[PDB]
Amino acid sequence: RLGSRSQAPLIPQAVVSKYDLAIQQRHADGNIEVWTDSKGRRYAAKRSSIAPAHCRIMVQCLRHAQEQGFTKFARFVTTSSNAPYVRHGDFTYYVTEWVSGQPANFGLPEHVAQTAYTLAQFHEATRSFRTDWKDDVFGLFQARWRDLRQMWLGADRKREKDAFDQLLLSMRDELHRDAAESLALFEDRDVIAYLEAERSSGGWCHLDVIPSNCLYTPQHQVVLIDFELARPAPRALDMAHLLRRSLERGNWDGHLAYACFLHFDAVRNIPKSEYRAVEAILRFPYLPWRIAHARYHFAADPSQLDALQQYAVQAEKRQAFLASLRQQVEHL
């Protein structure tokens, strides 16, 4: 019994042997397995729980994007029978060529720029592709707000308040203001019109925009991997998710936001309503919600206090950034 100190299980050899890759060496590396041939050529093998039908549309989506010029993805390798996956032991395995690069550093404008460019290219290249294949962003955030309010009410009535409880209570008025401003933006007719128009025109988002899926290459581009969460969705979702992650880790340095907006805009103009949808998402106090949710619904962990402390440290810089962006959007 090793419990949570159990290593990633090796992919069964029978799966490897369905391919024609003459693999000599295999080892886990993060959430993929690296397969290497006698020349040292590498492949990334993924153990997934996605359905085979889902794997098929995912591949078809990327091949469609490619016929439109898209290059920013790891290329799938097929089995000896031409299948895009192997199904074995209740898992779906798929393999891609290896992409040389490093996980994007979302604190560097250059890396944010290239991630944004790539995400925008993916969205553009997939316009109109299987648009009805499977969205209530207002309801999601409304529920989070209701949760957040309940959580600080719970904290306030504790006999003994710990450092986290007290810190969360100290920011209630700012958190309330931000949540209210966000939900008001989601209720604005222009934001809704944007979201609905995107739903109609299609275009997929990647929807797992984390450094380990955004590989910054020696050719100074970003190549995406892991399209398992990708689906038709408004472009603002990928844009806002990239921005939030970048900005929270670069203390709201607007060079990171500019790098992002410029490179989305280069592929397709950002209209005012798209900016406003992005603002609605960014204005919501997502991190305090998420951290408090974990604490009070799941269990306390000291990392939650670290995270809330960092949010508090950055809170004025975040306010300043969102203020300047709001002004920018009024004089586009």
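Quick note: we count residues from 1 along the sequence shown, nothing fancier.
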Between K134 and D135 - deposited residues without coordinates, as a size class: 4 to 9
Higher of the two mean Cα B-factors (113-121, 78-86; per PDB record) comes from 78-86
Out of 144-152 and 221-229, which one has CA B-factors that are higher on average in the deposited record? 144-152
Selection from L247, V95, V99, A179 [criterion: highest C-alpha temperature factor in the record]: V99
At the C-alpha atoms, which of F138, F91, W204, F261 reaches the highest B-factor in this entry? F138
Lowest, middle or highest third: where is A14 by Cα B-factor in its chain? middle
Based on the entry's values, in what third of the chain does the Cα temperature factor of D253 lie: lowest, middle or highest? middle
What third of the chain, by the recorded C-alpha B-factor, contains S200? highest
On the chain's distribution of Cα B-factors, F73 falls within the third called lowest
Compared with the other modelled residues in the chain, in which third is the CA B-factor of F106? middle
